[PDB]
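Structure data follow from final.json (JSON, C-alpha atoms):
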```json
[["chain", "number", "residue", "atom", "x", "y", "z"],
["W", 203, "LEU", "CA", 65.84, 35.97, 80.78],
["W", 204, "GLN", "CA", 67.69, 39.36, 81.32],
["W", 205, "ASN", "CA", 69.47, 38.99, 77.93],
["W", 206, "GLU", "CA", 66.23, 38.11, 76.17],
["W", 207, "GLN", "CA", 64.55, 41.18, 77.74],
["W", 208, "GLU", "CA", 67.40, 43.41, 76.48],
["W", 209, "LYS", "CA", 67.02, 41.84, 73.01],
["W", 210, "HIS", "CA", 63.36, 42.56, 73.18],
["W", 211, "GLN", "CA", 63.93, 46.21, 73.91],
["W", 212, "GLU", "CA", 66.38, 46.50, 71.00],
["W", 213, "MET", "CA", 63.99, 44.88, 68.61],
["W", 214, "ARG", "CA", 61.27, 47.08, 69.76],
["W", 215, "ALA", "CA", 63.39, 50.19, 69.09],
["W", 216, "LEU", "CA", 64.12, 48.97, 65.54],
["W", 217, "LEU", "CA", 60.49, 48.21, 64.87],
["W", 218, "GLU", "CA", 59.53, 51.72, 65.93],
["W", 219, "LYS", "CA", 62.11, 53.17, 63.52],
["W", 220, "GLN", "CA", 60.81, 51.14, 60.66],
["W", 221, "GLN", "CA", 57.20, 52.15, 61.45],
["W", 222, "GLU", "CA", 58.30, 55.75, 61.34],
["W", 223, "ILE", "CA", 60.04, 55.47, 57.84],
["W", 224, "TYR", "CA", 57.57, 53.23, 56.00],
["W", 225, "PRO", "CA", 54.51, 55.64, 55.86],
["W", 226, "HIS", "CA", 56.70, 58.45, 54.46],
["W", 227, "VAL", "CA", 57.96, 56.22, 51.73],
["W", 228, "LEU", "CA", 54.35, 55.31, 50.79],
["W", 229, "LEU", "CA", 53.40, 58.98, 50.73],
["W", 230, "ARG", "CA", 56.31, 59.76, 48.33],
["W", 231, "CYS", "CA", 55.10, 56.96, 45.99],
["W", 232, "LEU", "CA", 51.54, 58.24, 46.16],
["W", 233, "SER", "CA", 52.76, 61.75, 45.39],
["W", 234, "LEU", "CA", 54.59, 60.50, 42.21],
["W", 235, "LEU", "CA", 51.55, 58.54, 40.98],
["W", 236, "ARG", "CA", 49.32, 61.53, 41.59],
["W", 237, "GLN", "CA", 51.59, 63.61, 39.47],
["W", 238, "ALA", "CA", 51.50, 61.09, 36.63],
["W", 239, "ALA", "CA", 47.69, 60.86, 36.75],
["W", 240, "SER", "CA", 46.83, 64.55, 37.15],
["W", 241, "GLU", "CA", 49.57, 66.33, 35.17],
["W", 242, "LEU", "CA", 50.33, 63.77, 32.47],
["W", 243, "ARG", "CA", 47.23, 61.62, 31.76],
["W", 244, "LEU", "CA", 44.25, 64.08, 32.51],
["W", 245, "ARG", "CA", 45.99, 67.14, 31.19],
["W", 246, "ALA", "CA", 49.08, 66.77, 28.87],
["W", 247, "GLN", "CA", 48.13, 63.52, 27.12],
["W", 248, "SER", "CA", 44.42, 64.29, 26.89],
["W", 249, "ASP", "CA", 45.26, 67.55, 24.96],
["W", 250, "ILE", "CA", 47.55, 65.70, 22.64],
["W", 251, "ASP", "CA", 44.96, 63.04, 21.80],
["W", 252, "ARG", "CA", 42.37, 65.69, 21.00],
["W", 253, "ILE", "CA", 44.63, 67.59, 18.54],
["I", 514, "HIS", "CA", 49.17, 35.63, 111.59],
["I", 515, "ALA", "CA", 51.40, 38.64, 111.62],
["I", 516, "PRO", "CA", 49.26, 41.84, 112.31],
["I", 517, "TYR", "CA", 50.16, 43.52, 109.03],
["I", 518, "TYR", "CA", 50.17, 40.47, 106.73],
["I", 519, "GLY", "CA", 46.65, 41.14, 105.31],
["I", 520, "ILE", "CA", 47.50, 44.76, 104.41],
["I", 521, "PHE", "CA", 50.80, 43.94, 102.69],
["I", 522, "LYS", "CA", 49.35, 40.97, 100.94],
["I", 523, "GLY", "CA", 46.99, 43.49, 99.39],
["I", 524, "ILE", "CA", 49.86, 45.84, 98.43],
["I", 525, "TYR", "CA", 51.84, 42.95, 96.80],
["I", 526, "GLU", "CA", 48.88, 41.96, 94.69],
["I", 527, "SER", "CA", 48.25, 45.62, 93.69],
["I", 528, "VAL", "CA", 51.83, 46.10, 92.38],
["I", 529, "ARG", "CA", 51.79, 42.53, 90.84],
["I", 530, "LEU", "CA", 54.72, 41.38, 93.03],
["I", 531, "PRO", "CA", 54.75, 37.64, 93.70],
["I", 532, "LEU", "CA", 54.21, 36.63, 97.38],
["I", 533, "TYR", "CA", 57.32, 34.40, 97.36],
["I", 534, "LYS", "CA", 59.59, 37.39, 96.78],
["I", 535, "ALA", "CA", 61.66, 38.80, 99.57],
["I", 536, "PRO", "CA", 60.13, 41.96, 101.26],
["I", 537, "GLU", "CA", 63.31, 43.88, 100.46],
["I", 538, "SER", "CA", 62.36, 43.77, 96.78],
["I", 539, "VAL", "CA", 59.03, 45.75, 97.07],
["I", 540, "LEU", "CA", 60.55, 49.32, 96.83],
["I", 541, "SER", "CA", 62.95, 48.35, 94.00],
["I", 542, "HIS", "CA", 60.10, 46.78, 92.11],
["I", 543, "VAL", "CA", 57.82, 49.84, 92.52],
["I", 544, "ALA", "CA", 60.71, 52.05, 91.37],
["I", 545, "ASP", "CA", 61.06, 49.96, 88.21],
["I", 546, "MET", "CA", 57.32, 50.20, 87.60],
["I", 547, "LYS", "CA", 57.59, 54.00, 87.74],
["I", 548, "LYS", "CA", 60.48, 53.81, 85.34],
["I", 549, "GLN", "CA", 58.31, 51.76, 82.99],
["I", 550, "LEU", "CA", 55.46, 54.27, 83.25],
["I", 551, "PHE", "CA", 57.83, 57.05, 82.20],
["I", 552, "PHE", "CA", 59.06, 54.97, 79.28],
["I", 553, "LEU", "CA", 55.50, 54.15, 78.11],
["I", 554, "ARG", "CA", 54.55, 57.84, 78.27],
["I", 555, "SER", "CA", 57.57, 58.74, 76.20],
["I", 556, "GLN", "CA", 56.72, 56.05, 73.66],
["I", 557, "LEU", "CA", 53.13, 57.24, 73.38],
["I", 558, "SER", "CA", 54.23, 60.81, 72.91],
["I", 559, "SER", "CA", 56.70, 59.75, 70.19],
["I", 560, "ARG", "CA", 54.18, 57.64, 68.41],
["I", 561, "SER", "CA", 51.48, 60.36, 68.61],
["I", 562, "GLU", "CA", 53.94, 62.80, 67.11],
["I", 563, "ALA", "CA", 54.91, 60.36, 64.38],
["I", 564, "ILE", "CA", 51.18, 59.79, 63.44],
["Z", 449, "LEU", "CA", 56.86, 53.32, 99.94],
["Z", 450, "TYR", "CA", 54.16, 55.95, 100.21],
["Z", 451, "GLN", "CA", 56.67, 58.63, 99.06],
["Z", 452, "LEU", "CA", 57.74, 56.53, 96.15],
["Z", 453, "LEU", "CA", 54.10, 56.04, 94.96],
["Z", 454, "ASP", "CA", 52.58, 59.55, 95.66],
["Z", 455, "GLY", "CA", 55.71, 61.51, 94.39],
["Z", 456, "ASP", "CA", 53.98, 64.64, 95.92],
["Z", 457, "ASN", "CA", 55.83, 65.62, 99.12],
["Z", 458, "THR", "CA", 52.40, 66.80, 100.07],
["Z", 459, "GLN", "CA", 53.12, 66.43, 103.67],
["Z", 460, "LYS", "CA", 49.95, 64.53, 104.22],
["Z", 461, "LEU", "CA", 49.74, 64.79, 108.05],
["Z", 462, "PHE", "CA", 48.09, 61.30, 108.27],
["Z", 463, "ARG", "CA", 49.26, 58.37, 106.14],
["Z", 464, "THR", "CA", 47.01, 55.25, 106.26],
["Z", 465, "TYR", "CA", 47.66, 51.73, 105.12],
["Z", 466, "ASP", "CA", 44.39, 51.82, 103.12],
["Z", 467, "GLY", "CA", 45.75, 54.93, 101.40],
["Z", 468, "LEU", "CA", 48.94, 53.16, 100.60],
["Z", 469, "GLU", "CA", 47.10, 50.20, 98.95],
["Z", 470, "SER", "CA", 45.00, 52.69, 96.91],
["Z", 471, "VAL", "CA", 48.03, 54.59, 95.60],
["Z", 472, "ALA", "CA", 49.69, 51.31, 94.69],
["Z", 473, "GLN", "CA", 46.52, 50.23, 92.75],
["Z", 474, "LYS", "CA", 46.61, 53.54, 90.93],
["Z", 475, "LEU", "CA", 50.15, 53.01, 89.66],
["Z", 476, "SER", "CA", 49.21, 49.61, 88.33],
["Z", 477, "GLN", "CA", 46.10, 51.11, 86.68],
["Z", 478, "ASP", "CA", 48.15, 53.94, 85.17],
["Z", 479, "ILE", "CA", 50.55, 51.49, 83.59],
["Z", 480, "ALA", "CA", 47.65, 49.37, 82.31],
["Z", 481, "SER", "CA", 45.92, 52.51, 80.95],
["Z", 482, "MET", "CA", 49.13, 53.65, 79.24],
["Z", 483, "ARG", "CA", 49.60, 50.22, 77.62],
["Z", 484, "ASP", "CA", 45.97, 50.36, 76.36],
["Z", 485, "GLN", "CA", 46.56, 53.84, 74.90],
["Z", 486, "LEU", "CA", 49.65, 52.68, 73.21],
["Z", 487, "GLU", "CA", 47.77, 49.72, 71.73],
["Z", 488, "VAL", "CA", 45.07, 52.08, 70.40],
["Z", 489, "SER", "CA", 47.69, 54.33, 69.00],
["Z", 490, "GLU", "CA", 49.29, 51.30, 67.33],
["Z", 491, "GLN", "CA", 45.93, 50.41, 65.69],
["Z", 492, "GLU", "CA", 45.48, 53.95, 64.55],
["Z", 493, "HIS", "CA", 48.85, 53.86, 63.01],
["Z", 494, "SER", "CA", 48.19, 50.49, 61.38],
["Z", 495, "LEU", "CA", 44.88, 51.82, 59.85],
["Z", 496, "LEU", "CA", 46.63, 54.80, 58.48],
["Z", 497, "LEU", "CA", 49.28, 52.59, 56.91],
["Z", 498, "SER", "CA", 46.54, 50.29, 55.41]]
```
Write out the structure in this file as structure tokens.
Amino acid sequence: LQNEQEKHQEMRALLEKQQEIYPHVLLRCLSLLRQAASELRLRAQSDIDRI
Amino acid sequence: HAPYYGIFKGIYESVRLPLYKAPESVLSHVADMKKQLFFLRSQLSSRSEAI
Amino acid sequence: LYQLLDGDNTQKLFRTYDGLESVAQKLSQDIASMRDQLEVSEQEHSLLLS
């Protein structure tokens, strides 16, 4: 029981670390897609297609 | 039938200590509960900061 | 036991057994309340991630 409780605490610490890193990685992806949509598709490419 | 049985029965139930446990365990158990409270507060603060 | 639960060396001149049971109930409630807050915080976090 004591060993399983220690394992539980370790797993919990790891889970908390992963929950801290995951949202930041999603935000970086969102930032890249936003750049592609706003700077490339709505602006750069739209001007090119018009000309 | 001990004079203080009813009072301590109430204390054991309040701290969620089983009645079969030895009376010498009550202070150690309460100390651990306080330790847990500190840990939970620290976890909440860390998580609130992370969010 | 009373010192361990109340923390506050407030030299209360008269310690009662009823007071002792109340402070013990408070600790249990504080732990339960903290666990509930953590659960809420975990939901908030999960919503943000979704």
Around the point (46.1, 53.9, 95.1), in the coordinates given by the file, pick out the residues reaching within 12 Å, counting all atoms listed in the file, and return them as a ChimeraX atom specification.
/I:523-524,527-528 /Z:449-450,452-454,464-478
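Contacts from chain I to chain Z at a cut-off of 8 Å (all atoms listed in the file) map to residues 520, 523, 524, 527, 528, 529, 540, 543, 544, 546, 547, 549, 550, 553, 554, 556, 557, 560, 561 and 564 of chain I.
One distance worth recording is that between atom CA of residue 534 of chain I and atom CA of residue 514 of chain I, which is 18.2 Å.
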Which value, in Å to one decimal, gives the distance between atom CA of residue 552 of chain I and atom CA of residue 218 of chain W?
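Those two atoms sit 13.7 Å apart.
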Output of segment 533-556 of chain I limited to N, CA and C atoms, as a PDB file, in the first residue's frame:
```pdb
ATOM      1  N   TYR I 533     -10.887   1.500  15.349  1.00  0.00           N
ATOM      2  CA  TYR I 533     -10.097   0.339  15.743  1.00  0.00           C
ATOM      3  C   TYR I 533      -8.635   0.717  15.946  1.00  0.00           C
ATOM      4  N   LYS I 534      -8.280   1.923  15.526  1.00  0.00           N
ATOM      5  CA  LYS I 534      -6.891   2.365  15.621  1.00  0.00           C
ATOM      6  C   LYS I 534      -6.518   2.699  17.063  1.00  0.00           C
ATOM      7  N   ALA I 535      -5.242   2.478  17.323  1.00  0.00           N
ATOM      8  CA  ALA I 535      -4.732   2.747  18.665  1.00  0.00           C
ATOM      9  C   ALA I 535      -4.791   4.237  18.986  1.00  0.00           C
ATOM     10  N   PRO I 536      -5.109   4.704  20.164  1.00  0.00           N
ATOM     11  CA  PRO I 536      -5.233   6.108  20.565  1.00  0.00           C
ATOM     12  C   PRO I 536      -3.937   6.893  20.375  1.00  0.00           C
ATOM     13  N   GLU I 537      -2.813   6.173  20.330  1.00  0.00           N
ATOM     14  CA  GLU I 537      -1.520   6.833  20.179  1.00  0.00           C
ATOM     15  C   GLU I 537      -1.325   7.345  18.754  1.00  0.00           C
ATOM     16  N   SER I 538      -2.226   6.966  17.858  1.00  0.00           N
ATOM     17  CA  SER I 538      -2.086   7.328  16.452  1.00  0.00           C
ATOM     18  C   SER I 538      -2.805   8.637  16.144  1.00  0.00           C
ATOM     19  N   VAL I 539      -3.638   9.211  16.985  1.00  0.00           N
ATOM     20  CA  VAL I 539      -4.530  10.336  16.728  1.00  0.00           C
ATOM     21  C   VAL I 539      -3.710  11.581  16.395  1.00  0.00           C
ATOM     22  N   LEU I 540      -2.640  11.938  17.184  1.00  0.00           N
ATOM     23  CA  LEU I 540      -1.853  13.145  16.960  1.00  0.00           C
ATOM     24  C   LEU I 540      -1.036  13.032  15.677  1.00  0.00           C
ATOM     25  N   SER I 541      -0.443  11.828  15.423  1.00  0.00           N
ATOM     26  CA  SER I 541       0.325  11.600  14.203  1.00  0.00           C
ATOM     27  C   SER I 541      -0.553  11.737  12.964  1.00  0.00           C
ATOM     28  N   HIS I 542      -1.741  11.205  13.086  1.00  0.00           N
ATOM     29  CA  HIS I 542      -2.690  11.278  11.981  1.00  0.00           C
ATOM     30  C   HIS I 542      -3.081  12.721  11.683  1.00  0.00           C
ATOM     31  N   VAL I 543      -3.414  13.514  12.708  1.00  0.00           N
ATOM     32  CA  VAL I 543      -3.797  14.913  12.549  1.00  0.00           C
ATOM     33  C   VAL I 543      -2.635  15.703  11.952  1.00  0.00           C
ATOM     34  N   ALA I 544      -1.403  15.389  12.380  1.00  0.00           N
ATOM     35  CA  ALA I 544      -0.216  16.033  11.824  1.00  0.00           C
ATOM     36  C   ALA I 544      -0.090  15.752  10.329  1.00  0.00           C
ATOM     37  N   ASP I 545      -0.365  14.580   9.903  1.00  0.00           N
ATOM     38  CA  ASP I 545      -0.317  14.196   8.495  1.00  0.00           C
ATOM     39  C   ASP I 545      -1.395  14.919   7.691  1.00  0.00           C
ATOM     40  N   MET I 546      -2.575  15.052   8.323  1.00  0.00           N
ATOM     41  CA  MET I 546      -3.656  15.788   7.674  1.00  0.00           C
ATOM     42  C   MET I 546      -3.253  17.237   7.420  1.00  0.00           C
ATOM     43  N   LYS I 547      -2.581  17.851   8.378  1.00  0.00           N
ATOM     44  CA  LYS I 547      -2.099  19.220   8.217  1.00  0.00           C
ATOM     45  C   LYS I 547      -1.065  19.310   7.098  1.00  0.00           C
ATOM     46  N   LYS I 548      -0.215  18.283   7.095  1.00  0.00           N
ATOM     47  CA  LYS I 548       0.756  18.191   6.008  1.00  0.00           C
ATOM     48  C   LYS I 548       0.059  18.128   4.653  1.00  0.00           C
ATOM     49  N   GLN I 549      -0.982  17.367   4.557  1.00  0.00           N
ATOM     50  CA  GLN I 549      -1.748  17.221   3.324  1.00  0.00           C
ATOM     51  C   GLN I 549      -2.400  18.541   2.923  1.00  0.00           C
ATOM     52  N   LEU I 550      -2.936  19.267   3.918  1.00  0.00           N
ATOM     53  CA  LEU I 550      -3.559  20.560   3.654  1.00  0.00           C
ATOM     54  C   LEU I 550      -2.560  21.529   3.033  1.00  0.00           C
ATOM     55  N   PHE I 551      -1.322  21.518   3.581  1.00  0.00           N
ATOM     56  CA  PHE I 551      -0.280  22.387   3.048  1.00  0.00           C
ATOM     57  C   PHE I 551       0.046  22.019   1.605  1.00  0.00           C
ATOM     58  N   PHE I 552       0.112  20.713   1.357  1.00  0.00           N
ATOM     59  CA  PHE I 552       0.426  20.227   0.019  1.00  0.00           C
ATOM     60  C   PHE I 552      -0.670  20.613  -0.968  1.00  0.00           C
ATOM     61  N   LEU I 553      -1.932  20.469  -0.601  1.00  0.00           N
ATOM     62  CA  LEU I 553      -3.060  20.808  -1.462  1.00  0.00           C
ATOM     63  C   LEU I 553      -3.080  22.300  -1.771  1.00  0.00           C
ATOM     64  N   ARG I 554      -2.745  23.130  -0.780  1.00  0.00           N
ATOM     65  CA  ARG I 554      -2.680  24.575  -0.980  1.00  0.00           C
ATOM     66  C   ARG I 554      -1.588  24.941  -1.981  1.00  0.00           C
ATOM     67  N   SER I 555      -0.466  24.255  -1.835  1.00  0.00           N
ATOM     68  CA  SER I 555       0.648  24.492  -2.748  1.00  0.00           C
ATOM     69  C   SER I 555       0.298  24.067  -4.169  1.00  0.00           C
ATOM     70  N   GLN I 556      -0.417  22.961  -4.295  1.00  0.00           N
ATOM     71  CA  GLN I 556      -0.834  22.468  -5.604  1.00  0.00           C
ATOM     72  C   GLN I 556      -1.831  23.420  -6.258  1.00  0.00           C
TER      73      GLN I 556
END
```
